[PDB]
Amino acid sequence: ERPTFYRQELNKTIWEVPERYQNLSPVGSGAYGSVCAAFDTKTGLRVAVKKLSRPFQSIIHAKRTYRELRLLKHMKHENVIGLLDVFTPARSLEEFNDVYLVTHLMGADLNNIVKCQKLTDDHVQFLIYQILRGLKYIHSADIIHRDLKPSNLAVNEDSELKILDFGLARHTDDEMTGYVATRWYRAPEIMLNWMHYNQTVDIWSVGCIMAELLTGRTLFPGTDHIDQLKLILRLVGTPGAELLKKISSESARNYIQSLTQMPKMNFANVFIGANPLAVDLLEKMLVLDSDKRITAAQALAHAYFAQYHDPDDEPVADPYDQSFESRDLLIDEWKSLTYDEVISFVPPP
Ligand SMILES: CC(C)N1CCC(c2cc(-c3ccc(F)cc3Cl)c3c(c2)N(c2c(Cl)cccc2Cl)C(=O)NC3)CC1
């Protein structure tokens with residue numbers, strides 16, 4: 001049941017894809033690979049296809065390819081980017097060297113659409129509800145996104161939202177330096193490596209996104225790591241004794257204690273004119289001590305989402321086995337595991 005493949009060149013890249021996929025049009029290329037939009041004649045869906053760039057060129061890249069395929073194959077939720085299809089034109093492991101990943105075409109991200117704009121409260125409710133719905137699912141599988149920001153939120157013309165580009169990290173030091181959106185949505189404990197982080201980092205990011213949707217302004221647009229920390233602590237207060245103890249980094253703990261203590265600000269005086277329920281939720285997400293932040297499951301039940309919340313339609317995921325992360329395998333071993341995952345793929349019903 002191997003489909004028939006056909007070939008075409010799009011901006012200097014050869015795409016070899018099953019006949020079902022028609023009207024391929026490039027959207028972009030980079031180190032990540034190449035993306036096109038297409039129409040899936042079999043399902044009637046508008047799709048986006050990612051062709052991975054050299055996916056087995058080093059041990060690190062082979063493992064990265066396996067990691068992404070595993071994550072995308074696991075995710076089956078309305079608010080999370082998952083796989084409609086995955087294919088290779090290769091007929092054997094020996095000739096296997098290209099991976100194509102098919103998902104829904106959303107066509108924009110939240111950053112490209114609403115940057116610098118203040119959204120209506122009902123609009124923010126719908127957008128944040130969807131993010132939290134997807135996060136409840138992701139977190140239930142013990143997956144951490146780690147890099148949630150407006151540009152990682154795929155959105156269509158009806159403001160329907162799917163979370164993408166996650167569980168994958170892994171930014172360079174340069175990319176996180178200076179006046180950059182790559183760092184503005186990061187929880188302080190991960191930005192400054194205070195301690196072993198967990199899924200609560202994502203809730204901080206949601207707080208930062210929500211604030212920005214409500215105001216049209218970046219919440220913590222730091223010019224560098226330290227400037228950003230100062231912006232954060234001005235809003236949420238300096239750490240107390242309880243949190244200082246949890247900062248397992250001696251150097252980081254020492255630095256924090258050099259700062260003049262500041263109390264948490266009144267969020268009602270920061271977010272002037274906002275829905276008091278939005279203000280309440282922001283206070284519960286933007287807690288310095290990650291242990292004390294609201295979870296996605298808890299936030300869904302918050303009164304702010306009364307119009308959207310349905311406890312019978314906020315599903316959880318199967319557990320996700322990431323034991324492979326602890327393994328040092330050879331290129332050909334990662335490649336074989338990836339091939340097994342490609343060939344074992346079963347499409348959605
Ligand atoms: C961080 C940079 C390097 N990265 C930004 C995201 C890009 C990107 C990747 C993927 C993707 C993800 C997983 C998968 F299995 C297959 C695919 Cl194609 C999609 C999109 C964008 N978009 C999209 C958006 Cl969000 C805005 C405009 C146009 C388009 Cl096509 C979709 O609509 N659907 C899927 C890839 C490059």
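Reckoned from all heavy atoms, side chains included, excluding hydrogens, waters and symmetry mates. Starting from 1, each residue takes its place in the sequence as its number. Read the numbers this way: they start at 1 and go in the same order the structure lists the ligands and their atoms.
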For atom 13 (C) of ligand 1, the option (of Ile81, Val99, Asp147, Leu71) bearing the nearest heavy atom: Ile81
Where do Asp313 and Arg133 land on the salt bridge (charged side-chain N to carboxylate O under 4.0 Å, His left out) test, with the steps shown first? CA-CA 9 Å; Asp313 195 23; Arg133 194 167 173 259; 3.2 Å; yes
Checking contacts here: is it the side chain or the backbone of [X] that comes within 4.0 Å of ligand 1, counting heavy atoms only? Could be both or neither.
| X | value |
| --- | --- |
| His104 | backbone |
| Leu105 | both |
| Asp165 | side chain |
| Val49 | backbone |
| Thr103 | side chain |
| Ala108 | backbone |
| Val102 | neither |

Atoms in ligand 1 flagged as close to [X], the criterion being non-hydrogen separation under 4.0 Å:
| X | value |
| --- | --- |
| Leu72 | 15 (F) |
| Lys50 | 16 (C), 17 (C), 18 (Cl) |
| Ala48 | 18 (Cl), 30 (Cl), 33 (N), 34 (C) |
| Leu164 | 10 (C), 19 (C), 20 (C) |
| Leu101 | 15 (F), 16 (C) |
| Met106 | 31 (C), 32 (O) |

Which residue holds the protein heavy atom closest to [atom], what is that atom called, and what is the gap in Å?
| atom | value |
| --- | --- |
| atom 7 (C) of ligand 1 | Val35 CG2, 4.6 Å |
| atom 3 (C) of ligand 1 | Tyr32 CD2, 3.3 Å |
| atom 23 (C) of ligand 1 | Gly107 N, 4.3 Å |

Measure the CG-CD1 distance between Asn79 and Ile163 for me, rounded to the nearest 0.5 Å. 6.5 Å
In Å and rounded to the nearest 0.5 Å, what is the CG to OG1 distance from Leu288 to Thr238? 8.5 Å
Specify whether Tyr100 and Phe87 have parallel, tilted or perpendicular ring planes, treating 30° as the upper limit for parallel and 60° as the lower limit for perpendicular. parallel
Ligand 1 contact by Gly30, heavy-atom criterion under 4.0 angstrom: no
Any salt bridge linking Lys246 with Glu242? Criterion: basic side-chain nitrogen under 4.0 Å from a carboxylate oxygen. yes
Ring centres under 6.0 angstrom apart (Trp204, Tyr197): no
Is there a donor-acceptor pair under 3.5 Å between the side chain of [X] and the backbone N or O of [Y]?
| X | Y | answer |
| --- | --- | --- |
| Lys42 | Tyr21 | no |
| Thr223 | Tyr179 | no |
| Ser326 | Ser323 | yes |
| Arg186 | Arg146 | yes |
| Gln322 | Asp142 | yes |

Output yes when a protein non-hydrogen atom is found under 4.0 Å of atom 19 (C) of ligand 1, and no otherwise. yes
Passing candidate, side chain to side chain contact (heavy atoms under 4.5 Å, CB included) with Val201, options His145, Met191, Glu189: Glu189
